[PDB]
Amino acid sequence: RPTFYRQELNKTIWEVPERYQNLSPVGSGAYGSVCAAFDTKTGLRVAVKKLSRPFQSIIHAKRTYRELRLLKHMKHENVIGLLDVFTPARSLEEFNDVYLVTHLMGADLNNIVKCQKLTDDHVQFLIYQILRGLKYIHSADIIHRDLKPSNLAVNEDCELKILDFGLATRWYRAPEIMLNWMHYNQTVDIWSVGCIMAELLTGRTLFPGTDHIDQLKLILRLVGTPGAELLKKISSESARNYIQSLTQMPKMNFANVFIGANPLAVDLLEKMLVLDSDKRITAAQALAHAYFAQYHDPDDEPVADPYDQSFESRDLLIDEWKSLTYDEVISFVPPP
Ligand SMILES: COc1ccc(OC)c(CCC(=O)Nc2cc(-c3c(-c4ccc(F)cc4)nc(/N=N/c4ccc(F)cc4)n3C)ccn2)c1
Ligand SMILES: CCCCCCCCO[C@@H]1O[C@H](CO)[C@@H](O)[C@H](O)[C@H]1O
Ligand SMILES: CCCCCCCCO[C@@H]1O[C@H](CO)[C@@H](O)[C@H](O)[C@H]1O
Ligand SMILES: CCCCCCCCO[C@@H]1O[C@H](CO)[C@@H](O)[C@H](O)[C@H]1O
């Protein structure tokens with residue numbers, strides 16, 4: 001029902017509702033392309049993404065559905081959310097293009113830090129928001145699995161949002177991800193938070209590995225070689241035999257590694273950067289840690305509605321994924 005207009009951008013004809021004005025390209029790639037625009041109806045600067053080849057194949061179609069389902073479900077201040085989704089198509093029969101709209105973002109966490117130490121109050125505020133968003137994401141039984149500064153948008157008021165992309169590196173990955181362990185815990189993301197927090201406090205990458213093996217080597221130097229209780233949980237014969245032939249290394253004294261840091265920050269890092277993922281602090285537990293006393297509000301750290309991910313196991317035809325995607329476009333309700 002909106003009146004659309006057509007304009008050539010990023011070498012295709014974009015067709016968008018007239019509320020979105022002054023489109024200008026900001027990025028592109030195999031996924032599609034993104035324009036900045038001004039949403040006259042809300043007064044917001046927005047990013048409009050036109051998906052590329054959304055229904056070219058079964059895998060493309062399922063990926064399009066997955067992305068729209070995820071963005072429609074995420075409704076939290078510290079997670080990317082969907083302002084709008086539209087298609088110029090008037091029916092399923094002519095449905096070929098998908099456009100997604102969110103807040104225009106212009107800076108990530110790297111841009112805020114610039115290889116400098118942040119003040120402790122500033123670190124508390126940033127890590128607090130990451131953990132608040134992760135509590136929400138994990139409560140939907142979602143694991144990010146590649147959390148890193150480039151996936152963290154931050155505006156001029158230092159308001160932070162978790163993204164599942166970077167704005168137009170393995171240094172933050174949990175060691176079990178590096179080792180193709182599978183059976184991943186949600187605390188793989190807590191490992192990443194610990195790496196980010198350490199860098200914010202010191203102004204230096206915690207584990208700047210040159211390659212995969214070097215990354216693991218640096219990790220074991222800080223946290224020590226696996227202990228007896230962790231070794232009991234390793235089913236891989238080859239992993240055990242390699243680990244048992246390592247020269248033992250104690251866990252370093254984090255208080256001496258992070259000299260000059262808030263001792264409550266050091267305590268929290270010790271609970272995030274644990275090799276055994278079962279012994280890592282959760283996002284909800286971390287929010288209650290004394291380090292965040294000035295920001296923690298147990299009544300404003302919400303959890304997500306249940307997220308039905310059963311579609312992940314299904315093998316459907318292109319036109320079925322396409323019709324399911326069309327249903328999700330039609331049923332979209334814009335946020336307050
Ligand atoms: C670093 O400092 C900067 C300084 C100046 C700048 O300007 C030139 C910029 C760029 C501004 C910008 O890019 N802003 C922006 C982008 C997106 C967005 C969406 C997006 C998502 C959902 C929507 F509803 C709408 C857009 N998708 C995306 N990429 N997707 C990908 C990516 C990689 C993959 F491998 C796969 C997919 N991006 C980058 C969202 C919001 N703001 C940065
Ligand atoms: C200067 C450019 C302004 C673009 C405003 C786009 C508003 C898009 O929205 C339109 O606004 C009209 C205003 O009379 C309404 O009557 C239409 O129903 C509405 O769809
Ligand atoms: C809504 C954005 C925050 C939650 C993101 C959950 C992502 C679940 O899937 C994630 O998709 C990301 C994009 O493909 C990938 O970077 C991650 O590796 C993948 O695990
Ligand atoms: C030499 C490098 C050793 C890395 C050990 C990483 C141990 C991570 O921890 C393991 O994560 C698994 C899920 O991924 C869980 O099933 C295990 O119970 C847990 O111990």
Side-chain angles (χ1 to χ4, degrees), residues 2-55 60 63-89 95-112 126 129-130 133 136-137 142 144 146-168 325 328-329 331-336:
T3 299
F4 288 68
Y5 68 99
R6 281 161 54 104
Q7 178 175 349
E8 190 187 288
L9 298 152
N10 290 330
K11 299 151 170 278
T12 72
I13 303 319
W14 284 48
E15 189 155 16
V16 309
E18 47 181 18
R19 67 187 280 190
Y20 301 115
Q21 291 283 308
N22 314 315
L23 272 74
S24 51
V26 289
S28 48
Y31 66 86
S33 67
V34 177
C35 286
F38 186 67
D39 178 12
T40 58
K41 183 217 161 87
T42 61
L44 297 172
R45 298 196 75 198
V46 301
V48 184
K49 174 160 68 179
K50 186 186 180 179
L51 296 187
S52 161
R53 314 177 182 288
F55 309 112
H60 268 118
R63 279 174 187 182
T64 296
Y65 180 73
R66 172 185 300 116
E67 181 183 11
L68 183 54
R69 286 289 311 277
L70 177 65
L71 283 166
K72 281 186 65 176
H73 196 78
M74 296 294 98
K75 303 177 189 194
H76 188 278
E77 298 96 328
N78 302 119
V79 185
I80 183 183
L82 195 59
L83 290 176
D84 199 14
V85 49
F86 63 81
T87 178
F95 180 48
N96 279 310
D97 289 320
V98 176
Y99 297 76
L100 307 164
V101 184
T102 189
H103 294 275
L104 183 62
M105 303 174 305
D108 66 28
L109 187 57
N110 291 319
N111 311 142
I112 303 295
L126 289 166
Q129 295 179 80
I130 301 174
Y136 179 89
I137 293 162
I142 297 167
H144 188 291
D146 202 21
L147 196 67
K148 59 184 76 168
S150 64
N151 280 30
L152 301 171
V154 187
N155 70 10
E156 246 181 82
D157 291 321
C158 200
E159 310 181 329
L160 176 145
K161 288 188 186 320
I162 300 166
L163 319 175
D164 60 337
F165 54 85
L167 294 177
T325 301
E328 294 289 330
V329 177
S331 63
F332 175 78
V333 180

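Counting begins at 1 with the first residue of the sequence. All values below come from the heavy atoms of this structure, side chains included, with hydrogens, waters and symmetry mates left out.
Take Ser33 and apply the side-chain hydrogen bond (donor to acceptor under 3.5 Å, both in side chains) test, not counting sequence neighbours, and it matches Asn10. Considering only residues two or more places apart in sequence or on other chains, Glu18 meets the side-chain hydrogen bond (donor to acceptor under 3.5 Å, both in side chains) condition with none of them. Listed by chain and residue number, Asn155 satisfy the side-chain hydrogen bond (donor to acceptor under 3.5 Å, both in side chains) test with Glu159 (two or more places apart in sequence, or in another chain). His76 is linked by a ring pair (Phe, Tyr, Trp, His ring centres under 6.0 Å) to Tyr136, counting only residues two or more places apart in sequence or in another chain. Residues satisfying the ring pair (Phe, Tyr, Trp, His ring centres under 6.0 Å) test with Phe55, not counting sequence neighbours, are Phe95. Checked against ring pair (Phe, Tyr, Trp, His ring centres under 6.0 Å), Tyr20 has the following partners two or more places apart in sequence or in another chain: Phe86. Not counting sequence neighbours, the partners of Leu44 by the side-chain contact (heavy atoms from CB on, under 4.5 Å) test are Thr42, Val46, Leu83, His103. By the side-chain hydrogen bond (donor to acceptor under 3.5 Å, both in side chains) test, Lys50 is found to be paired with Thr12, residues two or more places apart in sequence or in another chain being considered. Take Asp146 and apply the side-chain contact (heavy atoms from CB on, under 4.5 Å) test, not counting sequence neighbours, and it matches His144, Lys148, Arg173.
Listed by first then second residue, pairs satisfying salt bridge (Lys or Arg N to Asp or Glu O under 4.0 Å) with a partner in residues 69-81 read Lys72-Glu328, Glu77-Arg132, not counting sequence neighbours. Listed by first then second residue, pairs satisfying salt bridge (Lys or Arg N to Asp or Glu O under 4.0 Å) with a partner in residues 27-42 read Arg19-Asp39, not counting sequence neighbours. Here side chain to side chain donor-acceptor pair (under 3.5 Å) pairs that include residues 21-32, with residues two or more places apart or in two chains, number zero.
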